[PDB]
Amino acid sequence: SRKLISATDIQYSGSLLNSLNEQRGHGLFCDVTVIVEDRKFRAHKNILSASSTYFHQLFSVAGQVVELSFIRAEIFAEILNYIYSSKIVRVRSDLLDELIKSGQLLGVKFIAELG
């Protein structure tokens, strides 16, 4: 009579990511600023550490502000869009090699392997 119940919510992810992405737009709960060229990006260390082997290593020590070289701000903006959505959307073809290179550098496997 002792039954065990299992259930999986296939809509949970998309909904969770969309809310995290909304928080990010407000800077809500953001505990790191990433400076890339002349731009500052507020983000959450837990999400960055989980999705990028570079950030995983970096946030075992870091403070509240970190800086990235060799990646243009608009490329990193797109890497963050993927990190907060699972998708890249209508990226211009002439930015693709730069995007792939940035995912190689950050250890973001899906992006690293687009090419």
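Numbers for residues come from their place in the sequence shown, where the first is 1.
- 52-60 and 81-89 differ in mean CA B-factor, and the higher of the two is recorded for 52-60.
- Comparing 40-48 with 61-69, the higher mean C-alpha B-factor in the PDB entry belongs to 61-69.
- In this PDB entry, the Cα temperature factor of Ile111 sits in the bottom third of its chain's modelled residues, the lowest group.
- The deposited CA B-factor of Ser13 belongs to the highest third of values across its chain.
- The deposited CA B-factor of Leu105 belongs to the lowest third of values across its chain.
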